[PDB]
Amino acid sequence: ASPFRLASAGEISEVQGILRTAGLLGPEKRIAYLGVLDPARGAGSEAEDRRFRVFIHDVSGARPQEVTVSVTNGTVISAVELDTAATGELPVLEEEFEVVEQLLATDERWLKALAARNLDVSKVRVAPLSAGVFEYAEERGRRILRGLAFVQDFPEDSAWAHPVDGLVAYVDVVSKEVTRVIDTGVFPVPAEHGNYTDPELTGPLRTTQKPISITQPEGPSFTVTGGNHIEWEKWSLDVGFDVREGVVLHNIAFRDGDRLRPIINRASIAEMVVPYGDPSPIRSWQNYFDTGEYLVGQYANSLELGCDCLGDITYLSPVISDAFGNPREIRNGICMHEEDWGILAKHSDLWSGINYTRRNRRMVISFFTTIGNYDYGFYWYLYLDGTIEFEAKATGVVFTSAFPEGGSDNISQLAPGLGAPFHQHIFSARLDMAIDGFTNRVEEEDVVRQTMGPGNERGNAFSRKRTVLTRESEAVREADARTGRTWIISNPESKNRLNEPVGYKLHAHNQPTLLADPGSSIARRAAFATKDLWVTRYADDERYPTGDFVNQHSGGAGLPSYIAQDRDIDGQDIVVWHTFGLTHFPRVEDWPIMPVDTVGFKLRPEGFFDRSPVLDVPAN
């Protein structure tokens, strides 16, 4: 049907068959990443050509390959061998995560470290984390995972309450060798448990909460058609899913009268980085690229009706590939429902005697993921008035360490002896703009304060200014909350009835960006996180702000290299990349399990419609 429909089990199996038939997927090959490609720029030449991109890992050490297949034609479009020491390693595989603990359990220098702390190796859990790129020259070209230990006193015990500081091990997951075990010194292992399900900790459960029922007697107001095509209160779009990005939104458009007007071609969280600010050698290399290195969509939870979703929910169950190319469905991995959102508009007019009130509502498209200790909720919102919003919810268990005796400037104390290294959770929203079509431009709008004097005698006047970002060289911008800075994306050839280019304004939260030193490995690898907004000229191969292969990949790829092309963005097919994140100084209230904290952004129409789009909302 629509070329934006979700990949089916059938197409996944066909990609396997096609790869096999071509000699690309033998018994030593593993699919590190498989995802469907978006229809190319230029419309549908005729029937759809469903292509799938695949990253093929070789467990015997042979160079991996990037291959694009056409499930439609049953062909292999291309297949290049990769020089990983140059362009980067493939995403870490599940089977390689499970390798770290077992290998360390028989290494004598690990065992020696545990014995020095009187720890039973059978109770030491290891958090296998991406290695990143530092001064370990022997690592270049190898697939390394670093391990941090946590004690789990019993089966239902939360190991995070018992971090083993002073110890870290590096493991080559292909050759299956422990390359290094570093023991900086012993630290007491925090003794208090963080078992949030233990009645001794929780105490008697509250009997005070009365139920709140959210029903929809006639069902929801949105329609799901062709599997993933949604239509709700004038909004139109396709809900896609990628194992790396999670939920992706395609063809976001609004039905303004008789015209379906495009707003956003593609919207996704293209990268997610979690950098740690503890300078201890045990953790100073700690930086997760949850989207790039781990593939967040892969870890999506199965949303259950009642627990994760209240009201009339419509679930989608995306299909992804396992490491062998077989289809694996994520049951109820995508949650869809509409919710009441208070008052939309209101006015009691004295002169006319007319009292008016209208209710607001938003369409919610979300999914939840679990990456080790953290759990993240990704929410896209569509509002009656044309506003588009994204919200990320961070929860789970805080990553722990020992709390230093003499206190710390980079770690906070959660319990006695228990510490929590400072860190950030920074996201990158890739917004492939289509404001009334692809001819778009971006302007940075700052509030302008005026001096009291001629033409402003009472000194009360204030204005606003807009600077067009013409070339990619000048499209890397920072926030300025003080002057109310925003960025408007307009179509300089689609004007409203008042003869002004139609547009949408981006409202950022103005949270701190990447804090690490500019010369740091993380500043280079996650250069996108150092600025709030980037604008590029669309290019089908520029998909992630960090590049295609983030795992153990140095700088040299991603936004900084795309931008260097210095293309024309003034009234062109453009893409907006917005950096937004949380700076977390853990607090006692975050222990033993953290309450949801949130971050996001939104876009509101700015002269897009000829008047309010909600004049037709029923009184109801």
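Here, rigid core means the biggest group of C-alpha atoms that superpose within 1.5 Å across both forms. Position 1 is the first residue in the sequence shown; the rest follow in order.
Once the rigid core is used to overlay the structures in 7 other deposited structures of this protein, the stretch among 594 to 602 and 16 to 24 whose CA atoms lie farther from this form is 16 to 24. Of the two segments 66 to 74 and 38 to 46, the one whose CA positions lie farther from the displayed form in 7 other deposited structures of this protein, once all are superposed on the rigid core, is 38 to 46. Comparing 186 to 194 with 485 to 493, the stretch with the higher mean C-alpha B-factor in the PDB entry is 186 to 194.
Averaged over Cα atoms, the B-factor as recorded in the entry is higher for 63 to 71 than for the other of 63 to 71 and 580 to 588. Per the deposited coordinates, the residue with the largest Cα temperature factor out of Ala127, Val99, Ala394, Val476 is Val99.
In this entry, the residue among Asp375, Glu338, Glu108, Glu389 with the greatest C-alpha B factor is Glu108.
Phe549 sits in the middle third of its chain by CA B factor, as recorded in the PDB entry. The deposited CA B-factor of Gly600 belongs to the lowest third of values across its chain.
Looking at the C-alpha B-factors along this chain, the one for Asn510 belongs to the lowest third.
In this PDB entry, the Cα temperature factor of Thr357 sits in the top third of its chain's modelled residues, the highest group. Per the PDB record, residue ranking by Cα B-factor puts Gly417 in the lowest third of the chain.
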